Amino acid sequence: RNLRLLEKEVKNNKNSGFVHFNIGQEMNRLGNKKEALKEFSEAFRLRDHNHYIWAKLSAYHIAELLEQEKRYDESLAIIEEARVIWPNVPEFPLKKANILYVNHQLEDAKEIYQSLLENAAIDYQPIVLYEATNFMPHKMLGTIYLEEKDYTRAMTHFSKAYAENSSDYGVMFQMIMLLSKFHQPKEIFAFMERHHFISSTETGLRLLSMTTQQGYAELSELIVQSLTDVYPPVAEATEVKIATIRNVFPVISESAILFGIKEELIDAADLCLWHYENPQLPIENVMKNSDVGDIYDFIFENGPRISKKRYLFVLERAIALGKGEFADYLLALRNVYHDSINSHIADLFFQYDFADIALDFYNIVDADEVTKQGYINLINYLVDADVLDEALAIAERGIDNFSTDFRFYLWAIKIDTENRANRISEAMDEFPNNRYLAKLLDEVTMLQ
């Protein structure tokens, strides 16, 4: 009805960029991404002046629709043209940084995020208010430094992102998970308390959903005890999940299981683990009333094979909780999948700090079936192993298979020290616009 109104208006106006823009928003609402791009492109073209906010939003939406369609070169072209028209709009350099991040060029992304922060030269004025203009740069800077294993700068930017948007579970989850690597649970709870992570019982339960799944038993315990007036059946479910991490035999009423599902504390991975440990629980009945009775039948009754993603999700939970007996049970089931399944199993063990087990699986896999992450793991393992000959060998395998992935060129640069000059050049040939590579070439000329 709103669209039909706009389509009558554009029949008698045609030359109004604003009507076309409004049609693009409606196409956006209805998910017609192809027609939204065309309408937003027409609104930008028909603009009479550059000061219209909707003319700015047109370029932003064009860039986004292009980004959603993985047409990154064309998105960056739209972004750069728009930065030149409107140099005080931060969504355009933000989106450039995001594109660079998902295309694995972290130092170039980092550079842009930092310049968005505390910029006394450009008076940035947002054109959309989805998030606080400074949440996204801090969050992504924290993400980059974490991946670069700079845990201090990660925590600093994760905490500043939290100050901008304290209901974002994502950065809360990141700080807890990062701190769990290095600190006592009580120290982690004290940090959570003085920054007021647990703003309510509800928020505590959403946090508990992450901490139990990662196997943070003591921290989950301190969290749940700090909560007041938790509906008893939800408390029981939480207690049982914590007790399960500690290998207590799981005993839980059907009521606590059902409310544990309703609060999203219990998924099909939990139910399978509990059925494996305690066959008396009414879990078969519970699962078949939740459309996951196929999961039950595959894992326990020789039933038909479930999707590999769902099987890997049950396997992941067992690995993450340290449930090695159940994990071995689950691994015997892999032989009904194609051989390529062992590439993902290898990835799982490596993610949860089982590099030795993961290699056992990586050796099972034909090199064509190894994921990019797998290459990255094997390079990291071999560099930590001081076998830089073999490390560089896998990095070149990465370049040839995944010619567009930045990380394998960078690995070949960092390792092949007696050829760094040619390596940076070979990288620049595939990434002519990457600014870090030029910083690196300048550093070999300073050394040479």
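Note that residue numbering follows the sequence shown and begins at 1.
Discussion item. On mean Cα temperature factor in this entry, is 93-101 or 116-124 the higher one?
Written reply: It is 116-124 that shows the higher mean C-alpha B-factor.
Worksheet item: Mean C-alpha B-factor higher for 54-62, or for 379-387?
Response: According to the PDB entry, the answer is 379-387.
Worksheet item: When you compare the CA B-factors of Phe300, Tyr145, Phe189, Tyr337 as listed in the entry, which one comes out on top?
Response: Comparing C-alpha B-factors across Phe300, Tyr145, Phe189, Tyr337, the top value belongs to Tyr337.
Practice prompt. State the tercile, meaning the lowest, middle or highest third, of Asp366 with respect to the CA B-factors recorded for its chain.
Written response: According to the entry, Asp366 has a C-alpha B-factor in the chain's highest third.
Item to complete: Comparing against every modelled residue in the chain, figure out the third that the C-alpha B-factor of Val84 lands in (lowest, middle or highest).
Response: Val84: CA B-factor falls in the lowest third of its chain.
Fill in: Third of chain Cα B-factors occupied by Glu74
For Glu74, the deposited C-alpha B-factor lands in the middle third.
Worksheet item: Thinking about Cα B factors across the chain, which third does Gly322 belong to?
Response: Lowest third.
Worksheet item: For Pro282, does the deposited CA B-factor place it in the lowest, middle or highest third of the chain?
Response: It falls in the middle third of the chain.
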